[PDB]
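Heads up, the thing below is written out as structure tokens.
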Amino acid sequence: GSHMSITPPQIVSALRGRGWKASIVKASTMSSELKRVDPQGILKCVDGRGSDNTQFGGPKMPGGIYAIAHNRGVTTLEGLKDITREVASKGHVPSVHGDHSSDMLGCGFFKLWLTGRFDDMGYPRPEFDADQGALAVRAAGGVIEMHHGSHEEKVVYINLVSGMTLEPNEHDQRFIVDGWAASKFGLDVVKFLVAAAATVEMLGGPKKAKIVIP
Ligand SMILES: [Zn+2]
């Protein structure tokens with residue numbers, strides 16, 4: 001794994017510097033919501049909408065496992081399958097998702113990645129489309145989740161409490177980003193967080209974040 005080379009205060013700084021409203025929240029005040037990660041839960045997208053998921057308690061990352069492929073510059077189906085098997089071996093059920101309105105293009109993160117919206121940040125675009133990616137994840141043993149309804153996120157949670165997560169609430173929506181999970185998968189954490197912040201921004205999400213720490 002890789003370590004957390006950026007402090008919560010710096011994260012807050014960075015965000016406010018991109019025009020965000022941000023602050024640090026102590027895990028003890030969210031005691032009732034922070035859930036110990038359940039290994040049978042799918043590692044899924046930050047998306048705040050309801051879905052047909054029945055595998056709760058997994059880590060939250062942009063586009064599900066796509067965040068990992070994205071951060072590492074992995075752009076092929078074979079590489080994506082390797083990541084799917086890697087995730088499953090490291091304690092989480094790998095997933096990606098789509099929705100009813102746009103099918104497999106229903107994951108805003110992937111659509112941004114596929115459409116070159118990360119070009120400016122120097123990211124190699126995927127070399128496959130949303131349909132091919134979803135099917136490759138499934139074929140490699142992962143899950144394809146399906147959301148519904150519209151995006152109504154009121155805030156962004158950047159959870160830095162390792163081994164814990166927050167769950168979606170379709171009636172009082174929020175984006176959830178498990179930053180510690182990036183360390184677990186040895187990702188460039190700073191890059192992972194900037195990418196997550198950018199995703200909210202480009203999707204016109206709320207630029208209000210709460211950084212959760214022990
Ligand atoms: Zn998504």
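Numbering starts fresh at 1 for the residues of each chain in the structure tokens, the chains themselves are lettered A, B, ... in the order given, and ligands are numbered from 1 as they appear.
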Determine, using only C-alpha atoms and all ligand atoms, which residues of chain A have any atom at most 6 Å from an atom of ligand 1, and tabulate each with its shortest atom pair and distance in Å to one decimal place, rows ordered by chain and then rising number, as CSV.
residue,atom,partner,partner_atom_place_in_ligand_line,distance
A:45,CA,ligand 1,1 (Zn),4.7
A:47,CA,ligand 1,1 (Zn),5.1
A:63,CA,ligand 1,1 (Zn),4.2
A:107,CA,ligand 1,1 (Zn),3.4
A:108,CA,ligand 1,1 (Zn),5.1
A:109,CA,ligand 1,1 (Zn),5.3
Dump as a compact mmCIF listing (two decimals), in the first residue's frame, selection limited to N, CA, C and O atoms:
# COMPACT_ATOMS: atom_id res chain seq x y z
N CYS A 45 -19.14 3.09 -6.55
CA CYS A 45 -18.99 4.51 -6.84
C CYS A 45 -19.47 5.45 -5.73
O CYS A 45 -20.28 5.08 -4.88
N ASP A 47 -21.32 7.89 -6.14
CA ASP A 47 -22.69 8.26 -6.52
C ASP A 47 -23.60 8.24 -5.28
O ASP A 47 -23.57 7.28 -4.51
N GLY A 63 -16.49 5.89 -9.64
CA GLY A 63 -16.69 4.86 -10.64
C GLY A 63 -16.42 3.45 -10.15
O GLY A 63 -16.22 2.55 -10.95
N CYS A 107 -22.76 6.13 -15.03
CA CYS A 107 -21.77 6.45 -13.99
C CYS A 107 -21.10 7.71 -14.50
O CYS A 107 -20.39 7.69 -15.50
N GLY A 108 -21.34 8.82 -13.82
CA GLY A 108 -20.77 10.08 -14.26
C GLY A 108 -19.26 10.11 -14.32
O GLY A 108 -18.67 10.80 -15.17
N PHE A 109 -18.61 9.37 -13.42
CA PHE A 109 -17.15 9.36 -13.41
C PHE A 109 -16.63 8.74 -14.68
O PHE A 109 -15.78 9.32 -15.35
Which residues of stretch 99-196 of chain A come within 12 Å of stretch 37-40 of chain A, and what is each one's closest atom pair and distance in Å (one decimal), counting only C-alpha atoms, sorted by chain and residue number, as JSON lines?
{"residue": "A:142", "atom": "CA", "partner": "A:40", "partner_atom": "CA", "distance": 11.7}
{"residue": "A:143", "atom": "CA", "partner": "A:40", "partner_atom": "CA", "distance": 11.5}
{"residue": "A:161", "atom": "CA", "partner": "A:37", "partner_atom": "CA", "distance": 10.7}
{"residue": "A:162", "atom": "CA", "partner": "A:37", "partner_atom": "CA", "distance": 9.0}
{"residue": "A:163", "atom": "CA", "partner": "A:37", "partner_atom": "CA", "distance": 5.5}
{"residue": "A:164", "atom": "CA", "partner": "A:37", "partner_atom": "CA", "distance": 5.0}
{"residue": "A:165", "atom": "CA", "partner": "A:37", "partner_atom": "CA", "distance": 6.1}
{"residue": "A:166", "atom": "CA", "partner": "A:37", "partner_atom": "CA", "distance": 9.1}
{"residue": "A:167", "atom": "CA", "partner": "A:37", "partner_atom": "CA", "distance": 10.5}
{"residue": "A:178", "atom": "CA", "partner": "A:37", "partner_atom": "CA", "distance": 10.7}
{"residue": "A:180", "atom": "CA", "partner": "A:37", "partner_atom": "CA", "distance": 11.8}
{"residue": "A:181", "atom": "CA", "partner": "A:37", "partner_atom": "CA", "distance": 10.6}
Dump N, CA, C and O atoms for the selected residues as a PDB file, in the first residue's frame?
ATOM      1  N   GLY A 142     -16.686  -9.531 -11.009  1.00  0.00           N
ATOM      2  CA  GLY A 142     -17.198  -8.371 -10.309  1.00  0.00           C
ATOM      3  C   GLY A 142     -18.695  -8.238 -10.464  1.00  0.00           C
ATOM      4  O   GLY A 142     -19.358  -9.077 -11.093  1.00  0.00           O
ATOM      5  N   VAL A 143     -19.219  -7.151  -9.919  1.00  0.00           N
ATOM      6  CA  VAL A 143     -20.647  -6.864  -9.951  1.00  0.00           C
ATOM      7  C   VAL A 143     -20.969  -5.640 -10.785  1.00  0.00           C
ATOM      8  O   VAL A 143     -20.150  -4.731 -10.899  1.00  0.00           O
ATOM      9  N   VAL A 161     -11.225   7.748   7.773  1.00  0.00           N
ATOM     10  CA  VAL A 161     -11.180   6.784   8.872  1.00  0.00           C
ATOM     11  C   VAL A 161     -10.992   5.398   8.226  1.00  0.00           C
ATOM     12  O   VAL A 161     -11.920   4.869   7.601  1.00  0.00           O
ATOM     13  N   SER A 162      -9.788   4.825   8.347  1.00  0.00           N
ATOM     14  CA  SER A 162      -9.534   3.528   7.713  1.00  0.00           C
ATOM     15  C   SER A 162     -10.411   2.385   8.205  1.00  0.00           C
ATOM     16  O   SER A 162     -10.760   2.301   9.394  1.00  0.00           O
ATOM     17  N   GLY A 163     -10.791   1.522   7.260  1.00  0.00           N
ATOM     18  CA  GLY A 163     -11.626   0.368   7.563  1.00  0.00           C
ATOM     19  C   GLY A 163     -13.094   0.693   7.791  1.00  0.00           C
ATOM     20  O   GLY A 163     -13.861  -0.188   8.177  1.00  0.00           O
ATOM     21  N   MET A 164     -13.488   1.946   7.560  1.00  0.00           N
ATOM     22  CA  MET A 164     -14.876   2.364   7.762  1.00  0.00           C
ATOM     23  C   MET A 164     -15.432   3.009   6.501  1.00  0.00           C
ATOM     24  O   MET A 164     -14.676   3.405   5.611  1.00  0.00           O
ATOM     25  N   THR A 165     -16.755   3.129   6.438  1.00  0.00           N
ATOM     26  CA  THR A 165     -17.404   3.756   5.298  1.00  0.00           C
ATOM     27  C   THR A 165     -18.750   4.343   5.716  1.00  0.00           C
ATOM     28  O   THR A 165     -19.190   4.180   6.857  1.00  0.00           O
ATOM     29  N   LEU A 166     -19.361   5.060   4.780  1.00  0.00           N
ATOM     30  CA  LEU A 166     -20.660   5.687   4.959  1.00  0.00           C
ATOM     31  C   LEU A 166     -21.506   5.132   3.833  1.00  0.00           C
ATOM     32  O   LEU A 166     -20.975   4.762   2.783  1.00  0.00           O
ATOM     33  N   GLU A 167     -22.817   5.094   4.045  1.00  0.00           N
ATOM     34  CA  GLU A 167     -23.723   4.541   3.056  1.00  0.00           C
ATOM     35  C   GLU A 167     -24.607   5.572   2.391  1.00  0.00           C
ATOM     36  O   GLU A 167     -24.903   6.626   2.952  1.00  0.00           O
ATOM     37  N   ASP A 178     -14.075   7.334   0.109  1.00  0.00           N
ATOM     38  CA  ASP A 178     -13.238   6.712   1.133  1.00  0.00           C
ATOM     39  C   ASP A 178     -11.786   6.866   0.738  1.00  0.00           C
ATOM     40  O   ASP A 178     -11.215   6.000   0.056  1.00  0.00           O
ATOM     41  N   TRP A 180      -9.040   6.689   2.496  1.00  0.00           N
ATOM     42  CA  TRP A 180      -8.128   5.691   3.038  1.00  0.00           C
ATOM     43  C   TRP A 180      -8.019   4.480   2.108  1.00  0.00           C
ATOM     44  O   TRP A 180      -6.983   3.818   2.062  1.00  0.00           O
ATOM     45  N   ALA A 181      -9.087   4.202   1.370  1.00  0.00           N
ATOM     46  CA  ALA A 181      -9.100   3.061   0.471  1.00  0.00           C
ATOM     47  C   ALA A 181      -8.059   3.219  -0.626  1.00  0.00           C
ATOM     48  O   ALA A 181      -7.554   2.224  -1.161  1.00  0.00           O
TER      49      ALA A 181
END
Which of stretch 1-211 of chain A counts as strand (DSSP E) under DSSP, as a tab-separated table (two decimals) with N, CA and C atoms, in the first residue's frame please?
chain	number	residue	atom	x	y	z
A	21	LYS	N	-16.30	24.87	-0.29
A	21	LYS	CA	-16.60	25.18	1.10
A	21	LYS	C	-16.18	23.85	1.76
A	22	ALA	N	-15.25	23.89	2.71
A	22	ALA	CA	-14.80	22.64	3.33
A	22	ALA	C	-14.34	22.73	4.79
A	23	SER	N	-14.51	21.62	5.52
A	23	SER	CA	-14.10	21.57	6.92
A	23	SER	C	-13.83	20.15	7.39
A	24	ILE	N	-13.23	20.06	8.56
A	24	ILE	CA	-12.89	18.79	9.16
A	24	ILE	C	-13.93	18.38	10.16
A	25	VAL	N	-14.36	17.12	10.08
A	25	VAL	CA	-15.34	16.61	11.00
A	25	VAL	C	-14.74	15.41	11.74
A	26	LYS	N	-14.91	15.39	13.05
A	26	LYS	CA	-14.39	14.31	13.87
A	26	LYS	C	-15.28	13.09	13.75
A	35	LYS	N	-19.65	3.00	9.43
A	35	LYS	CA	-19.82	1.55	9.50
A	35	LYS	C	-18.51	0.82	9.22
A	36	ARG	N	-18.21	-0.19	10.02
A	36	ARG	CA	-17.01	-0.98	9.77
A	36	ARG	C	-17.22	-1.61	8.39
A	42	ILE	N	-19.83	-4.48	-1.98
A	42	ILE	CA	-19.12	-4.11	-3.19
A	42	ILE	C	-18.40	-2.77	-3.01
A	43	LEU	N	-17.23	-2.69	-3.64
A	43	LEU	CA	-16.42	-1.48	-3.68
A	43	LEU	C	-17.16	-0.79	-4.82
A	93	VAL	N	-15.79	-6.85	-2.82
A	93	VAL	CA	-16.36	-7.35	-4.06
A	93	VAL	C	-16.29	-6.18	-5.05
A	94	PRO	N	-15.55	-6.35	-6.16
A	94	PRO	CA	-15.41	-5.30	-7.18
A	94	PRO	C	-16.70	-5.00	-7.97
A	95	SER	N	-16.97	-3.72	-8.22
A	95	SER	CA	-18.16	-3.32	-8.97
A	95	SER	C	-17.94	-2.04	-9.75
A	96	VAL	N	-18.81	-1.83	-10.73
A	96	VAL	CA	-18.87	-0.61	-11.53
A	96	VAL	C	-20.39	-0.53	-11.65
A	97	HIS	N	-20.94	0.55	-12.21
A	97	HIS	CA	-22.39	0.63	-12.28
A	97	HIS	C	-22.86	1.50	-13.44
A	98	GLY	N	-24.16	1.43	-13.70
A	98	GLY	CA	-24.76	2.26	-14.72
A	98	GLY	C	-26.05	2.74	-14.07
A	99	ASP	N	-27.01	3.21	-14.86
A	99	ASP	CA	-28.31	3.62	-14.33
A	99	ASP	C	-29.42	3.43	-15.36
A	143	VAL	N	-19.22	-7.15	-9.92
A	143	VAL	CA	-20.65	-6.86	-9.95
A	143	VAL	C	-20.97	-5.64	-10.79
A	144	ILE	N	-22.15	-5.63	-11.40
A	144	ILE	CA	-22.60	-4.47	-12.14
A	144	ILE	C	-23.81	-3.97	-11.35
A	145	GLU	N	-23.70	-2.80	-10.76
A	145	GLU	CA	-24.79	-2.25	-9.98
A	145	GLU	C	-25.61	-1.30	-10.86
A	146	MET	N	-26.87	-1.08	-10.50
A	146	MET	CA	-27.72	-0.19	-11.28
A	146	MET	C	-28.45	0.83	-10.42
A	147	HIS	N	-28.13	2.10	-10.63
A	147	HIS	CA	-28.76	3.18	-9.90
A	147	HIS	C	-30.03	3.63	-10.62
A	156	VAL	N	-20.38	16.48	0.12
A	156	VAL	CA	-19.37	15.48	-0.17
A	156	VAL	C	-18.64	15.08	1.12
A	157	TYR	N	-18.59	13.78	1.39
A	157	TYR	CA	-17.88	13.27	2.55
A	157	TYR	C	-16.58	12.62	2.08
A	158	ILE	N	-15.47	13.10	2.63
A	158	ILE	CA	-14.16	12.55	2.31
A	158	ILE	C	-13.75	11.85	3.59
A	159	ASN	N	-14.04	10.56	3.64
A	159	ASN	CA	-13.73	9.78	4.83
A	159	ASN	C	-12.29	9.29	4.88
A	164	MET	N	-13.49	1.95	7.56
A	164	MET	CA	-14.88	2.36	7.76
A	164	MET	C	-15.43	3.01	6.50
A	165	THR	N	-16.76	3.13	6.44
A	165	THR	CA	-17.40	3.76	5.30
A	165	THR	C	-18.75	4.34	5.72
A	175	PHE	N	-22.26	12.60	-1.62
A	175	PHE	CA	-21.21	11.88	-2.32
A	175	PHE	C	-20.33	11.39	-1.18
A	176	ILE	N	-19.84	10.16	-1.29
A	176	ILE	CA	-18.98	9.58	-0.27
A	176	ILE	C	-17.67	9.12	-0.92
A	177	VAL	N	-16.54	9.58	-0.38
A	177	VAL	CA	-15.23	9.22	-0.91
A	177	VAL	C	-14.37	8.63	0.19
A	178	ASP	N	-14.08	7.33	0.11
A	178	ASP	CA	-13.24	6.71	1.13
A	178	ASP	C	-11.79	6.87	0.74
A	208	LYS	N	-19.12	21.38	-1.43
A	208	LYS	CA	-19.14	21.47	0.03
A	208	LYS	C	-18.66	20.11	0.52
A	209	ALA	N	-17.55	20.10	1.24
A	209	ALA	CA	-16.98	18.85	1.72
A	209	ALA	C	-16.73	18.81	3.20
A	210	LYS	N	-16.85	17.61	3.75
A	210	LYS	CA	-16.58	17.36	5.14
A	210	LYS	C	-15.53	16.25	5.11
A	211	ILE	N	-14.37	16.54	5.69
A	211	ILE	CA	-13.25	15.60	5.77
A	211	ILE	C	-13.32	14.89	7.12
For atom CA of residue A:123 and atom CA of residue A:73, the interatomic separation in Å (one decimal): 6.7 Å
Which is closer to residue A:83 than all the others in A:27, A:136, A:121, A:198, using only C-alpha atoms?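 Among A:27, A:136, A:121, A:198, it is A:136 that comes nearest to residue A:83.
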Nearest residue to residue A:34 from the set A:160, A:190, A:196, A:139 (distances using only C-alpha atoms):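 Checking each candidate against residue A:34, we get A:160 as the closest.
Comparing the minimum interatomic distances between residue A:201 and each of A:214, A:11, A:148, A:155, counting only C-alpha atoms, we find that A:155 sits nearest.
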Given only C-alpha atoms as the basis, pick out the residue of A:168, A:199, A:188, A:182 nearest to residue A:110.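 Among the listed residues, the smallest separation from residue A:110 belongs to A:199.
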Any idea what's packed within 12 Å of residue A:72, counting only C-alpha atoms, ignoring anything in its chain fewer than 2 positions away? Could you give it as a VMD selection string? chain A and resid 65 to 70 74 to 76 79 to 80 83 122 to 126 182 185 to 189 191 to 192
Atoms kept (N, CA, C and O atoms) for selection, written as a short mmCIF file (atom, residue, chain, number, x, y, z; two decimals), in the first residue's frame:
data_model
loop_
_atom_site.label_atom_id
_atom_site.label_comp_id
_atom_site.auth_asym_id
_atom_site.auth_seq_id
_atom_site.Cartn_x
_atom_site.Cartn_y
_atom_site.Cartn_z
N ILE A 65 -14.41 0.43 -9.08
CA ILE A 65 -13.00 0.10 -9.30
C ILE A 65 -12.35 0.92 -10.40
O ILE A 65 -11.12 0.90 -10.53
N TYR A 66 -13.16 1.62 -11.19
CA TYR A 66 -12.60 2.47 -12.24
C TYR A 66 -11.63 3.49 -11.64
O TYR A 66 -10.65 3.87 -12.28
N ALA A 67 -11.88 3.92 -10.40
CA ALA A 67 -10.99 4.88 -9.76
C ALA A 67 -9.58 4.31 -9.74
O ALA A 67 -8.61 5.02 -9.98
N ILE A 68 -9.46 3.01 -9.45
CA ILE A 68 -8.15 2.37 -9.40
C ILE A 68 -7.49 2.34 -10.78
O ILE A 68 -6.32 2.71 -10.93
N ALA A 69 -8.23 1.91 -11.80
CA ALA A 69 -7.68 1.86 -13.15
C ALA A 69 -7.25 3.27 -13.57
O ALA A 69 -6.13 3.48 -14.10
N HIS A 70 -8.13 4.23 -13.32
CA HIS A 70 -7.90 5.63 -13.65
C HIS A 70 -6.62 6.19 -13.02
O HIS A 70 -5.77 6.75 -13.71
N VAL A 74 -4.37 2.62 -16.11
CA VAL A 74 -4.68 1.32 -16.72
C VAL A 74 -5.87 1.56 -17.65
O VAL A 74 -6.97 1.92 -17.20
N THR A 75 -5.66 1.35 -18.94
CA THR A 75 -6.69 1.65 -19.93
C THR A 75 -7.23 0.50 -20.79
O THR A 75 -8.01 0.73 -21.71
N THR A 76 -6.83 -0.72 -20.49
CA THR A 76 -7.28 -1.87 -21.27
C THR A 76 -8.23 -2.78 -20.50
O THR A 76 -8.27 -2.76 -19.26
N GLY A 79 -6.33 -5.24 -18.36
CA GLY A 79 -5.84 -4.60 -17.16
C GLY A 79 -6.97 -4.40 -16.17
O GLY A 79 -6.79 -4.57 -14.95
N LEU A 80 -8.14 -4.03 -16.68
CA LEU A 80 -9.32 -3.81 -15.84
C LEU A 80 -9.71 -5.12 -15.15
O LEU A 80 -10.11 -5.12 -13.99
N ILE A 83 -7.45 -5.71 -12.29
CA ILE A 83 -7.85 -4.90 -11.14
C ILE A 83 -9.06 -5.54 -10.45
O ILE A 83 -9.13 -5.58 -9.23
N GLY A 122 -3.98 15.30 -17.64
CA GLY A 122 -2.98 14.33 -18.07
C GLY A 122 -3.30 12.85 -17.93
O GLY A 122 -2.39 12.02 -17.83
N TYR A 123 -4.58 12.49 -17.93
CA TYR A 123 -4.98 11.09 -17.80
C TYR A 123 -5.21 10.38 -19.13
O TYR A 123 -5.90 10.89 -20.01
N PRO A 124 -4.62 9.19 -19.29
CA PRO A 124 -4.84 8.46 -20.55
C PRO A 124 -6.28 7.98 -20.54
O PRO A 124 -6.74 7.38 -19.56
N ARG A 125 -7.00 8.24 -21.63
CA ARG A 125 -8.40 7.84 -21.74
C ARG A 125 -8.54 6.33 -21.79
O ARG A 125 -7.62 5.62 -22.21
N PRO A 126 -9.69 5.81 -21.34
CA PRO A 126 -9.87 4.35 -21.39
C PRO A 126 -9.82 3.91 -22.86
O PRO A 126 -10.14 4.68 -23.76
N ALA A 182 -7.73 4.46 -0.96
CA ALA A 182 -6.72 4.71 -1.97
C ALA A 182 -5.36 4.20 -1.47
O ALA A 182 -4.60 3.59 -2.23
N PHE A 185 -5.01 0.47 -1.74
CA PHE A 185 -4.69 -0.04 -3.07
C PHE A 185 -3.44 0.57 -3.67
O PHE A 185 -3.22 0.48 -4.88
N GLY A 186 -2.63 1.19 -2.82
CA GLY A 186 -1.38 1.79 -3.26
C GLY A 186 -1.47 2.85 -4.35
O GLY A 186 -0.57 2.96 -5.18
N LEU A 187 -2.53 3.64 -4.33
CA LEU A 187 -2.71 4.69 -5.32
C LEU A 187 -2.01 5.96 -4.90
O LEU A 187 -1.60 6.11 -3.74
N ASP A 188 -1.87 6.87 -5.86
CA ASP A 188 -1.29 8.18 -5.59
C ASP A 188 -2.50 8.89 -4.94
O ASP A 188 -3.40 9.39 -5.63
N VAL A 189 -2.51 8.91 -3.61
CA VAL A 189 -3.62 9.48 -2.85
C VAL A 189 -4.01 10.91 -3.20
O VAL A 189 -5.21 11.20 -3.37
N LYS A 191 -3.47 12.45 -5.97
CA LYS A 191 -4.07 12.41 -7.30
C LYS A 191 -5.50 11.86 -7.23
O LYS A 191 -6.40 12.32 -7.94
N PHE A 192 -5.69 10.85 -6.39
CA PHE A 192 -6.99 10.23 -6.22
C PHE A 192 -8.03 11.24 -5.70
O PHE A 192 -9.16 11.28 -6.17
#
Looking only at the backbone, which of the residues in stretch 16-114 of chain A does DSSP tag as helix (DSSP H, G or I), as a PyMOL selection string? chain A and resi 16-17+27-30+66-72+77-89+104-106+108-114
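Nearest residue to residue A:153, choosing from A:60, A:92, A:138, A:207 and counting only C-alpha atoms: A:207.
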When you count only C-alpha atoms, which of these residues is closest to residue A:48: A:212, A:172, A:113, A:204?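 Result for the nearest residue to residue A:48: A:172.
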Atomic separation - atom CA of residue A:206 relative to atom CA of residue A:104, Å: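 Result for atom CA of residue A:104 versus atom CA of residue A:206: 23.4 Å, one decimal.
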